[PDB]
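Below: one structure, written as structure tokens.
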Amino acid sequence: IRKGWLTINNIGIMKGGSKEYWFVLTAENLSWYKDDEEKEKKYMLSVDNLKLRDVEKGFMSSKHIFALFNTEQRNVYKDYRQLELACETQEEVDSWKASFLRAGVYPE
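As numbered in the entry's author numbering, residues 521 to 628 make up the sequence shown, in order.
This is the structure we're talking about:
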């Protein structure tokens, strides 16, 4: 339902460091790509069995941050941290959060 650039702050330490990925969100799944060519299909998350949260109060304010997480089903991202997603502006974060909620991501 939505396509665009989206930064991930929590990436495995072996390949860690905040990185920007091309992200496609649809009703069924979350698809991550290296670039807007939409070729790699490196990894994905299921829309169902996910929860959407705001970032911790007092956390870094250099980026507009929100996170995807879960505790009830085995649909969790790599067990390193909660999937912290970030954007340059608040509008992009709100757009992504709304798209996730429409897709079927449970709020909080």
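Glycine included, C-beta positions come from ideal geometry on N, C-alpha and C.
Is residue i buried or exposed, if buried means 16 or more other CB atoms sit within 10 Å of its CB?
i	result
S538	exposed
residue 484	Within the shown structure, residues of the chain are numbered from 521 to 628, placing residue 484 beyond reach of any answer.
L545	buried
Using a threshold of 8 Å, state whether the C-beta atoms of residue i and residue j are closer than that.
i	j	result
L605	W616	yes
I521	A623	yes
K571	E628	yes
Give the secondary structure of residue i by DSSP, where H, G and I count as helix, E and B as strand, and everything else as coil.
i	result
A547	coil
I585	strand
Just the Cα atoms here: how many angstroms apart are residue i and residue j?
i	j	result
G532	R601	8 Å
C607	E540	9 Å
Between the Cα of residue i and the Cα atoms of the options, which residue gives the shortest distance?
i	options	result
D574	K583, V567, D568 and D599	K583
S581	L550, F620, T609 and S551	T609
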